[PDB]
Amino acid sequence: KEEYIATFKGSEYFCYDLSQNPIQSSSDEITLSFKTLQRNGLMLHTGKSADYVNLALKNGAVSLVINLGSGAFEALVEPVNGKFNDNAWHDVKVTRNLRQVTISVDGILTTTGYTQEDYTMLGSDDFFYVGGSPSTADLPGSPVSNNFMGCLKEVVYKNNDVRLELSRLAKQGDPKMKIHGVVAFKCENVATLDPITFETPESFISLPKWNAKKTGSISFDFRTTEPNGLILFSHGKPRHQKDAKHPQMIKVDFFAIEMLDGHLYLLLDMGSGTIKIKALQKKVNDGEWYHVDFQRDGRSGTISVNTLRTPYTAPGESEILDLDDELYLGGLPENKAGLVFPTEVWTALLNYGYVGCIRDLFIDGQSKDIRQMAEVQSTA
């Protein structure tokens, strides 16, 4: 066993079914560690009506609410000097024995209080949500509407009878555990969860050149409601002759991801022909998030959207994507010297620029803070 982690991006949650083995306890413990930059997000919740537990971040404080039917306990713990949404790990330990609740943060202090009136037992037969839920704001005792945005690890709920290793069950899988959204079982950078909006077709960023010619990967999440747009594009040095006078004569190693008429396509040329692939059958301009993953070794690889994956093999005997200079996200520059427009990229031929959100971009498995890039590079 190593530590079990996940990343939550605002629409991600775990759900554990409690119907077959519900909770009737007089003693409880909840432990986990969180890392975040958002002031508000549900960490976990478990009751549906009279009895409930809700642990959340509210205005940078850790907020715990526990009601056993006769009335609630509620408490917020926060440093005198600042907040807990500081992109640092924090451990939270929560214990409950009959009516007495205790919460310790970062093994620093312990706060102890009580639930009201007479009831002594926590009952929940519904769901155990981690990181979010379908409607967080309707959860009883919830002080937040937002789902978690950051990393959670080592989420564990135990009592005298049951121990639910909820992070573990998430990764490894269980008939009673269902997980939803764009979940990676890893924590890289919390800063990168913040989306970037391309508000007009003309807006775009220029990222760094791709690390190697022979292999590469690129992955990212996108959300969009427009039918056409150039999401990603890069090309090499031109291979046609100087006395070439027709755009069909253009020869250049290029890579592109584009949307046309609602459908998402990958386009790639390695020196010997252009291959073009409808990355998924359905239209993806419905405003929902999609995860995009592209893997390439030589002239073969894969392009995944969500969990549909598609293999591809490029023509030719060259195994090298000989990319040059810049890689463009969200559109193209107006006055770039030596910019080449392949004939197959209809998006670039018609100047369709992307409009939508991109989030959490990865090149060669290394996370990239595009926000730093956006602020630092012309906001367009």
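Counting begins at 1, following the sequence as shown.
Stretches 78-86 and 230-238 differ in mean CA B factor, with 78-86 having the higher one. When the C-alpha B-factors of 194-202 and 302-310 are averaged, 194-202 comes out higher. Of the candidates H246, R99, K186, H180, the one whose C-alpha carries the top B factor in the deposited record is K186.
Among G316, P342, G41, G47, the highest C-alpha B-factor recorded in the PDB entry belongs to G316.
When the modelled residues of the chain are ordered by C-alpha B-factor, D17 sits in the middle third. Residue-level temperature factors show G287 in the middle third of its chain, judged at the C-alpha atom. Ranked against the other modelled residues of its chain, the C-alpha B-factor of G365 as given in the entry falls in the highest third. In this PDB entry, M270 carries a Cα temperature factor that places it within the middle third of its chain's modelled residues. Per the PDB record, residue ranking by Cα B-factor puts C151 in the middle third of the chain.
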